[PDB]
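Colleague:
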Amino acid sequence: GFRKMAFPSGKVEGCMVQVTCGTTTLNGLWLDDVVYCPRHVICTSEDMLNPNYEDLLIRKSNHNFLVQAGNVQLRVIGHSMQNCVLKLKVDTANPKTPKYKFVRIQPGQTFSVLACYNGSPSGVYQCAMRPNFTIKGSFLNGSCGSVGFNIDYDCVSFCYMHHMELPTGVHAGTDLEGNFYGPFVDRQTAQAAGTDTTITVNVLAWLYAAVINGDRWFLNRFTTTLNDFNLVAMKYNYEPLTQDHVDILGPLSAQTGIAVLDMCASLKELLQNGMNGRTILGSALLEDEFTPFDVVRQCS
Amino acid sequence: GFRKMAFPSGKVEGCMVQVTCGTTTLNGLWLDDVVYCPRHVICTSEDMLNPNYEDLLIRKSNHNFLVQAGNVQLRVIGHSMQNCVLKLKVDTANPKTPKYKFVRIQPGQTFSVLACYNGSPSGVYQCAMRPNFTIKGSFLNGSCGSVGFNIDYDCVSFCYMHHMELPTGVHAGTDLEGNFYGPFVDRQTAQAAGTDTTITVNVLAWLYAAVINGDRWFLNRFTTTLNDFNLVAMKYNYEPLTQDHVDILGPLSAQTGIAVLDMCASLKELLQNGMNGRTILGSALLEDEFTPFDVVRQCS
Amino acid sequence: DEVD
Amino acid sequence: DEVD
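Sequence order for the protein chains is A, A', B and B'. A prime marks a further copy of an entry chain.
Its first residue numbered 2, the first sequence is counted upward by one per residue in the deposited numbering.
Its first residue numbered 2, the second sequence is counted upward by one per residue in the deposited numbering.
Its first residue numbered 2, the third sequence is counted upward by one per residue in the deposited numbering.
Its first residue numbered 2, the fourth sequence is counted upward by one per residue in the deposited numbering.
1) Does chain B' have any CB closer than 8 angstroms to the CB of residue 1(A')?
2) To which residues of the same chain is residue 198(A') closer than 6 angstroms at the C-beta, ignoring the five residues directly before and after it?
3) Is it the case that the region 52-60 of chain A contacts the region 160-175 of chain A, given that we only count it when at least three CB pairs across the two stretches are under 8 angstroms?
4) Using the Cβ count rule (16 or more neighbours within 10 Å means buried), how would you classify residue 269(A)?
5) Measure the C-alpha to C-alpha separation of residue 203(A) and residue 14(A') and round it to an integer number of angstroms.
6) Could you tell me the boundaries of the beta strand (DSSP E) in which residue 50(A) lies?
7) Spatial neighbours of residue 69(A') within its chain, please: CB distance less than 7 angstroms, with the 5 preceding and 5 following residues excluded, ordered by chain position.
8) In chain order, what residues of the same chain have a beta carbon less than 8 angstroms from the beta carbon of residue 1(A'), not counting five sequence neighbours either side?
9) Would you tell me roughly how many angstroms separate the C-alpha atoms of residue 217(A') and residue 206(A'), rounded to the nearest one?
10) Using a C-beta to C-beta distance shorter than 8 angstroms, which residues of chain A' count as neighbours of residue 5(A)?
11) Is the region 179-187 of chain A' close to the region 212-228 of chain A', with three or more CB pairs under 8 angstroms?
12) Assuming residue 112(A') and residue 150(A') are in contact, meaning their beta carbons sit under 8 angstroms apart, how far apart are those beta carbons, in whole angstroms?
13) Indicate whether at least one CB of chain B' lies closer than 8 angstroms to the CB of residue 47(A').
14) Out of 163(A'), 261(A'), 116(A') and 171(A'), which has the shortest C-alpha to C-alpha gap to residue 137(A')?
15) Within the continuous beta strand (DSSP E) that includes residue 22(A), where are the two ends?
16) Any beta-carbon of chain B' closer than 8 angstroms to the one on residue 189(A')?
17) State the beta-bridge partners of residue 173(A) as determined by DSSP.
18) Using the Cα positions of residue 10(A') and residue 222(A'), report the straight-line distance between them to the nearest angstrom.
19) Quick one: using the 10 Å Cβ neighbour count with 16 as the cut-off for buried, is residue 55(A) buried or exposed?
20) Would a check of beta-carbon distances place residue 69(A) closer than 8 angstroms to chain A'?
21) Threshold first: 4 residues or longer. Then list the alpha helix (DSSP H) segments lying entirely within the region 190-217 of chain A', N to C.
22) For a contact defined as C-beta to C-beta under 9 angstroms, what are the partners of residue 164(A) on chain B?
23) Quick one: measure Cβ to Cβ for residue 292(A') and residue 110(A'), integer angstroms, because I've assumed they're closer than 8 angstroms.
24) Measuring alpha carbon to alpha carbon, tell me which residue in 158(A), 273(A) and 173(A) is nearest residue 234(A).
25) Could you work out which residues of chain A lie near residue 286(A'), taking near to mean beta carbons separated by less than 7 angstroms?
26) Roughly how many whole angstroms lie between the Cα atoms of residue 256(A) and residue 135(A')?
27) When DSSP labels each residue in this structure, what does residue 254(A') get in the three-state scheme?
28) Which residues in the same chain have their Cβ closer than 7 angstroms to the Cβ of residue 141(A), if we skip the five residues on either side of it in sequence?
29) If the cut-off is 7 angstroms on Cβ atoms, which residues from the region 182-213 of chain A count as contacting chain B, listed in chain order?
30) Check the Cβ-Cβ distances between residue 23(A') and every residue of chain B', and say whether any is below 8 angstroms.
31) Return the residue from the list 81(A'), 124(A'), 211(A') and 114(A') that minimises the CA-CA distance to residue 301(A).
32) Near residue 212(A), what residues of its chain come up, given a Cβ to Cβ distance below 6 angstroms and the 5 sequence neighbours on each side ignored?
33) Secondary structure at residue 110(A), three-state DSSP: helix, strand or coil?
34) Grab the span of the alpha helix (DSSP H) containing residue 268(A) for me, first residue to last.
35) Determine which residues share a DSSP beta bridge with residue 13(A) and list them.
36) Across which residues does DSSP place residue 122(A') in a beta bridge pair?
Written out as structure tokens, the structure reads:
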């Protein structure tokens, strides 16, 4: 085995609140004197089909919003919209507010979710932003408004908020400035995700992790070119590899003494011939939810 | 997918400290005025082969132990041994001390590890106590003294401390009263784990999770007896199932409308015939690190 | 599905 | 192995 670890969640736990609007309850993020949650909290079951969020929000008063931080009712003194995120000004700055930034991540990048039920931390898991900007994850009992995050030194980088589930049962949401990842809208209408491809650079990081942990059967004599690798990659629904992806893998190459194009040759054969009933780090499938950065972090 | 979630780690993060003895650094747990860590911190590289821990500990002064909580050097006023766990009395009660108990868990039960490097929280993952009392996990850079825990309502139940890696590369350690799980000793000598069997009751919980999430291909017309199931189970290195395991699965049975012995018949066929290149919740192998309690928790 |  |  080689464990998919989440970041420690403590700094995020102290920021999770319950947000209620009528019969709708979901999770909010309480930073300084502002609570962030999905704007679709202001919607009635009717409204969700084609909501006019400006008209719906104009109709709401400060007192239509119930914010609970543990046992404390917070006083809403202001309500506003940044894209698809509702911003509730409360009369108290969160005294547990960590140092934080809002970042927009790239498809293939990983992050931790603190899954919450009615403002209460329930669980933490590590996932990837799929190439089609969806998230495979949490069963979702009152999971709307649960946030994704990286910890960078002493700083929480908030990168994601859960808004909705798609037909396929994958999840979609926004950055903390309320812009969707992918072509999705907070409207109850049938919306297609792109083809979900495998994150090749992550699969290569994980083969590197397998070698570091002494799992070596899949190494072959062969090398390959980026060009010839990418033709095979595209046949099996794998993202094309670029020189930047080669450069990103450099530390794992140097540590293992296995060139990137030699590991690429190993992956090529695995795709063409399958695993012949064998496993790598105790998985029967190639794992793509570890970045090169994740493997380096955990192999130190 | 269906996510293996860890408990939120915040209440544990505020208790993790660095413990140094000479050139040896590892993780300690700071609760009230006591730091707990593996006693093998007092060992020189020589000593690890056949240590007399009483003689080694008698030779140490309070001042041989360096305890760092973030930027603060803690003052050690007392040193003692409970079985394989070192207990350092410090002159300050941890002001972040959560409500806690020390529990001894059973093989097949799951828990979260806060993996730490030199007293610093690094990552959180969910695992099972293997039937042979080992832990498959963390790569281990200064991971000795990292603790396992469940959160029960508002209480942290500490159940595990990492002490060592076995030949096979699995991990072994103690409860917080310093008793090993399994037949292992904190001595650098070759020690065998038992046969590692699959946790049948967990595999059944996870097939239940698969049905709840609409993954249904592996359901068959057949039923079976516990008796006939257990003969096949034992052939494939699966733990025998008991009536208590049947009773434990009751809520998942009732929710799904699938009797336990019918799901047992499904598992029997999967063992006998394999998965024919199909997957369940996006895994090509049967998953045994979810308890019936874990599935119920996450499916609510 | 935006329930809830 | 009890390193570290």
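Ideal Cβ placement from N, Cα and C applies to all residues, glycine included.
Modeller: Taking the coordinates as given:
1) The structure shown has nothing for residue 1(A'), since chain A' only spans 2 to 301.
2) Translated into positions along the second sequence, residue 198(A') becomes position 197. The residues are 132, 238 and 240.
3) no
4) What you label residue 269(A) is simply residue 268 of the first sequence in a count that begins at 1. Result: buried.
5) Taking the first residue of the first sequence as 1, we reach residue 203(A) at position 202. Taking the first residue of the second sequence as 1, we reach residue 14(A') at position 13. Looking at the two C-alpha atoms, the distance is approximately 29 angstroms.
6) Taking the first sequence and counting its residues from 1, the one referred to as residue 50(A) is at position 49. Here residue 50(A) belongs to no beta strand (DSSP E), and DSSP marks it neither H nor E.
7) Reading the second sequence from its first residue, position 68 is the one you call residue 69(A'). 18, 19 and 120.
8) Any answer about residue 1(A') is impossible in this case: the structure gives chain A' only from 2 up to 301.
9) Taking the first residue of the second sequence as 1, we reach residue 217(A') at position 216. Taking the first residue of the second sequence as 1, we reach residue 206(A') at position 205. Using only the alpha carbons, I get a separation of about 14 angstroms.
10) Mapped onto the first sequence, residue 5(A) falls at position 4. Simply 5 and 126.
11) no
12) Reading the second sequence from its first residue, position 111 is the one you call residue 112(A'). Reading the second sequence from its first residue, position 149 is the one you call residue 150(A'). 6 angstroms between Cβ atoms; contact.
13) Numbered from its first residue, the second sequence carries residue 47(A') at position 46. Chain B' contact via Cβ: absent.
14) As a working mapping, residue 137(A') is identified with position 136 in the second sequence. The residue with the shortest Cα to Cα distance from residue 137(A') is 171(A').
15) Reading the first sequence from its first residue, position 21 is the one you call residue 22(A). Element bounds for residue 22(A): 17-22.
16) Counted from its first residue, the second sequence places residue 189(A') at position 188. Residue 189(A') counts as touching chain B'.
17) Reading the first sequence from its first residue, position 172 is the one you call residue 173(A). 165(A), per the DSSP bridge assignment.
18) What you label residue 10(A') is simply residue 9 of the second sequence in a count that begins at 1. What you label residue 222(A') is simply residue 221 of the second sequence in a count that begins at 1. The alpha-carbon atoms of residue 10(A') and residue 222(A') are separated by roughly 43 angstroms.
19) Translated into positions along the first sequence, residue 55(A) becomes position 54. Exposed is the call here.
20) Within the first sequence, residue 69(A) is the residue found at index 68, counting from 1. Chain A', which has no Cβ nearer than 8 angstroms to the Cβ of residue 69(A), makes this no.
21) 201-213
22) In the first sequence, counting from the first residue as 1, residue 164(A) sits at position 163. Result: 3.
23) The count along the second sequence starts at 1 and reaches residue 292(A') at position 291. The count along the second sequence starts at 1 and reaches residue 110(A') at position 109. Sure, about 6 angstroms apart at Cβ, within 8 angstroms.
24) Position 233 of the first sequence, counting from 1, holds the residue named residue 234(A). Among 158(A), 273(A) and 173(A), the Cα nearest to that of residue 234(A) belongs to 273(A).
25) For the purposes of this step, residue 286(A') is identified with residue 285 of the second sequence, where counting begins at 1. Under the 7 angstroms cutoff, chain A gives 285.
26) Here residue 256(A) refers to the residue found at position 255 when the first sequence is read from its first residue. Here residue 135(A') refers to the residue found at position 134 when the second sequence is read from its first residue. Those two C-alpha atoms are separated by around 29 angstroms.
27) Within the second sequence, residue 254(A') is the residue found at index 253, counting from 1. Looking at residue 254(A') - three-state DSSP - the assignment turns out to be helix.
28) Within the first sequence, the letter at position 140 stands for residue 141(A). So the qualifying residues of the chain are 166.
29) 187 and 189
30) Along the second sequence, read from residue 1 onward, the residue named residue 23(A') stands at position 22. With 8 angstroms as the cut-off, residue 23(A') does not count as an interface residue toward chain B'.
31) Position 300 of the first sequence holds residue 301(A). Nearest of 81(A'), 124(A'), 211(A') and 114(A') to residue 301(A), Cα basis: 124(A').
32) Here the question's residue 212(A) lines up with position 211 in the first sequence. Answer for residue 212(A): 257, listed in chain order.
33) Along the first sequence, one-based indexing puts residue 110(A) at 109. Residue 110(A) falls in the coil class under three-state DSSP.
34) Here residue 268(A) refers to the residue found at position 267 of the first sequence. Its alpha helix (DSSP H) spans residues 261-274.
35) For the purposes of this step, residue 13(A) is taken as residue 12 along the first sequence, with counting starting at 1. BP columns for residue 13(A) are empty, so no partner.
36) Here the question's residue 122(A') lines up with position 121 in the second sequence. According to DSSP, residue 122(A') bridges with 117(A').
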